[PDB]
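> Each residue of the sequence shown is one higher than the one before, starting from 1 at the first, in PDB author numbering. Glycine included, C-beta positions come from ideal geometry on N, C-alpha and C.
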Amino acid sequence: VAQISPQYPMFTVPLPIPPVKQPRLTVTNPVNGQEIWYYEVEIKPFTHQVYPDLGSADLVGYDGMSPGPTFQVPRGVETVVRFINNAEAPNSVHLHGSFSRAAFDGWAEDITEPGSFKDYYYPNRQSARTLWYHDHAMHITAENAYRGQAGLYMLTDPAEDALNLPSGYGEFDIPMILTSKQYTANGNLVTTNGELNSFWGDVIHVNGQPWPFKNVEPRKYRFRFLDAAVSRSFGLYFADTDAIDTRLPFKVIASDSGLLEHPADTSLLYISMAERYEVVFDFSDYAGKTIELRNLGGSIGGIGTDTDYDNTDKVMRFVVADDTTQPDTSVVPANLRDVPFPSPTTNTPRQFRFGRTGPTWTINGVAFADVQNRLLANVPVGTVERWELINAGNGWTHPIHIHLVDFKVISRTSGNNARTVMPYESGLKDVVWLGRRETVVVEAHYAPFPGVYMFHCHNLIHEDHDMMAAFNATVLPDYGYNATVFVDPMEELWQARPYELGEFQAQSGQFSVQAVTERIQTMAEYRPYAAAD
Ligand SMILES: *[C@@H]1O[C@H](CO)[C@@H](O[C@@H]2O[C@H](CO)[C@@H](O[C@@H]3O[C@H](CO)[C@@H](O)[C@H](O)[C@@H]3O)[C@H](O)[C@H]2NC(C)=O)[C@H](O)[C@H]1NC(C)=O
Ligand SMILES: *[C@@H]1O[C@H](CO)[C@@H](O[C@@H]2O[C@H](CO)[C@@H](O)[C@H](O)[C@H]2NC(C)=O)[C@H](O)[C@H]1NC(C)=O
Ligand SMILES: [Cu+2]
Ligand SMILES: [Cu+2]
Ligand SMILES: [Cu+2]
Ligand SMILES: [Cu+2]
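Listed below in structure tokens is the structure:
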């Protein structure tokens with residue numbers, strides 16, 4: 001299909017890298033004595049230029065940048081972020097991949113209007129993994145993310161750093177935030193408002209950059225891949241600019257929840273919205289040349305339904321250098337980690353069906369906005385449940401995300417005989433792609449925190465209208481751990497707070513180090529994430 005967005009001079013701009021995020025301070029957690037990093041993220045409108053000739057894009061991002069700044073949080077240390085809505089429409093932040101407490105996870109109605117803020121308290125207790133934070137405000141999540149509200153966040157671990165993979169953000173450890181958008185003639189974004197099926201977009205970006213280049217060295221590299229698009233799934237492969245139809249093969253080191261048990265040797269990476277895979281690519285043998293990362297056309301090989309455009313088969317270009325400026329000491333081992341799969345159950349799976357009821361995308365025929373029927377499962381905490389995710393349709397694809405949890409992919413059956421379980425789905429994830437006529441079952445231990453959590457399709461057009469539901473992690477009244485105050489995401493105690501706007505830049509009022517400090521220490525005392533120890 002012919003491109004709508006103006007013509008772009010491609011592979012002409014070097015790959016941008018989002019800066020890391022700095023905490024404002026630390027606060028002493030009175031329970032254990034440890035400290036707590038505290039960030040302050042403002043959400044403001046800003047204007048950015050993509051088409052080097054004319055026109056700027058009207059955005060709204062985390063700190064006035066899309067993608068928002070990146071978080072490298074060492075495991076163990078609890079972290080806390082204040083999100084300050086200085087924008088034009090409500091917001092609700094989700095840190096995709098953290099088993100936070102219900103009121104810190106980005107419940108779609110737990111929202112912050114402009115002229116207010118809200119503090120999120122994150123445990124940072126899980127395994128090394130790559131996470132991202134995005135808006136989750138009800139029914140406007142597509143457009144809030146489309147315009148810039150998303151970013152990186154890495155739960156790191158020095159133990160696995162003792163594997164000497166290509167290390168170091170920005171040089172051997174590079175982020176790949178894939179989006180797919182569309183622009184006006186004048187240069188501005190075209191709104192996702194009014195789309196009821198999918199917004200594919202005809203312009204491909206990495207780190208907010210349409211069709212860019214990166215010069216590299218003939219050595220192993222770590223690439224972190226994230227499909228942050230609204231509706232587009234990707235089918236990625238590498239090919240030498242001179243046999244563009246030949247797939248260069250690579251190694252997939254980690255999925256959404258972290259490393260797989262063994263590097264998945266592959267040559268084509270199926271990746272849908274919100275999925276994360278980490279790839280290492282030996283640029284060893286391609287010295288001198290110029291490798292191109294491409295996107296599988298034909299609606300991702302008949303897995304999906306995406307509309308392809310003139311230039312949505314190209315993602316970006318890699319220029320290998322003539323020589324390594326210093327040799328490749330980095331390494332990729334063959335055993336990677338022990339993966340804590342959940343102790344298998346044998347029970348019959350719970351069934352969730354993802355379709356539309358007339359014009360509305362539903363799960364088992366209910367729409368998120370339907371408060372009565374929104375809750376579709378009660379799972380007592382500590383339960384393991386297999387869940388069967390069913391896309392019976394031929395004209396829609398559905399990457400299904402479940403909050404709090406990390407699950408193992410048990411099975412996929414494709415009505416189109418298209419595929420079975422893929423080799424990089426052997427570890428742990430929190431998002432699975434239901435392709436055309438696909439049914440998947442996943443297994444996950446529902447632990448360790450009670451609370452009311454979301455699950456939904458991560459096609460933001462679908463999610464917004466209205467393919468999203470809720471499950472309740474249940475305990476008995478004798479449980480404890482203060483759970484009585486962390487199960488309701490709308491708990492009036494963790495809600496947003498108005499702020500006098502100029503007191504934010506003066507660090508007065510609620511932002512004085514002591515108010516900042518009293519509040520966090522107040523917060524810490526509740527021992528929120530203590531059930532994980
Ligand atoms: C999700 O599940 C949680 C439990 O994990 C539910 O919280 C529970 O809500 C019930 C209300 O039906 C509470 O029981 C009642 O509390 C009142 C107040 O003391 C008491 O007078 C009654 O005799 C009865 O015990 C229960 O304590 C509470 N449990 C916890 C741990 O908070 C929650 O309602 C569920 N959410 C949804 C949306 O259904
Ligand atoms: C449940 O929540 C309370 C609220 O913070 C936890 O902490 C104590 O709360 C009392 C007031 O209820 C304060 O006077 C104490 O100062 C708090 N403790 C500390 C060390 O400051 C309480 O510990 C929590 N219980 C569990 C089991 O997590
Ligand atoms: Cu998400
Ligand atoms: Cu999520
Ligand atoms: Cu969907
Ligand atoms: Cu979600």
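What residue range is occupied by the uninterrupted alpha helix (DSSP H) comprising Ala142?
Its alpha helix (DSSP H) spans residues 141–146.
> Classify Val81 as helix, strand or coil using the three-state DSSP reduction.
strand
> Report the start-end ranges of each beta strand (DSSP E) in the stretch 228–258 that is 3 residues or longer and not cut off at the edges.
234–240, 250–254
> Report the three-state DSSP secondary structure of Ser426 (helix, strand or coil).
Helix, per DSSP.
> When you get a sec, list the residues whose CB is within less than 5 Å of any heavy atom of ligand 5, chain order please.
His398, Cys457, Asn459, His462
> Is any non-hydrogen atom of ligand 6 found closer than 6 Å to the C-beta of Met273, if you look at the structure I gave you?
no
> What residue does the alpha helix (DSSP H) around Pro212 start on, and which one ends it?
Taken as a continuous stretch (DSSP letters only), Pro212 belongs to no alpha helix (DSSP H), as it is neither H nor E.
> Quick check: what's the CA-CA separation for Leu163 versus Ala515?
Take the alpha-carbon of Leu163 and the one of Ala515: they are about 42 Å apart.
> Mark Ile244 as exposed unless 16 or more other C-beta atoms lie within 10 angstroms of its C-beta, in which case mark it buried.
exposed
> Nearest-angstrom Cα distance between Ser180 and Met523?
39 Å
> Indicate whether the contact test is met: 3 or more Cβ pairs, each with one atom in the stretch 255–270 and one in the stretch 122–137, closer than 8 Å.
Touching, yes.
> Which residue from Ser66, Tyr120, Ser116, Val60 puts its Cα closest to that of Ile36?
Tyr120
> Among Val73, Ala321, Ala229, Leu375, whose alpha-carbon lies nearest the alpha-carbon of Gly148?
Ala229
> Using a threshold of 7 Å, state whether the C-beta atoms of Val20 and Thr70 are closer than that.
yes
> Kindly indicate which three-state DSSP category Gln72 falls into: helix, strand or coil?
strand
> Mind checking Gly395: buried by the 16 CB within 10 Å criterion, or exposed?
Exposed.
> Hey, is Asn29 close to ligand 2, as in C-beta under 6 Å from one of its heavy atoms?
Outside the cutoff, so no.
> Quick one: grab the DSSP three-state call for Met316.
strand
> CB of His403 to nearest heavy atom of ligand 3: below 6 Å?
no
> Between which two residues does the beta strand (DSSP E) carrying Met138 extend?
Secondary structure note for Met138: it is in no beta strand (DSSP E), with a DSSP letter that is neither H nor E.
> Where in the stretch 426–450 do unbroken runs of the alpha helix (DSSP H), each at least 4 residues long, occur, reported from the N-terminal end onward?
Entirely contained in the stretch 426–450, not one alpha helix (DSSP H) run reaches 4 residues.
> Following a CB-centred definition, is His96 positioned closer than 6 Å to any heavy atom of ligand 3?
yes
> If you draw a straight line from the C-alpha of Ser426 to the C-alpha of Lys408, how long is it?
7 Å
> Would you call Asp53 buried or exposed, if buried means 16 or more other Cβ atoms sit within 10 Å of its Cβ?
exposed
> Is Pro477 near ligand 1 - that is, is its Cβ less than 6 Å away from at least one heavy atom of it?
yes
> So, helix, strand or coil for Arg353, using DSSP?
strand
> What's the C-alpha gap between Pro90 and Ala392?
34 Å
> Hey, could you find the ends of the beta strand (DSSP E) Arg337 is sitting in?
Looking at the DSSP string, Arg337 is not in any beta strand (DSSP E), and its letter there is neither H nor E.
> Please state whether DSSP places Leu59 in a helix, a strand or coil.
strand
> Any heavy atom of ligand 1 closer than 6 Å to the Cβ of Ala243?
no
> Which residues in the same chain as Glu160 place their Cβ atom closer than 6 Å to its Cβ, once the five residues preceding and following it in sequence are excluded?
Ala128
> Exposed or buried, what is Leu428 when buried is set at 16 or more other beta-carbons lying within 10 Å of its beta-carbon?
buried
> Heavy atom of ligand 6 less than 6 Å from the Cβ of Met454, yes or no?
yes
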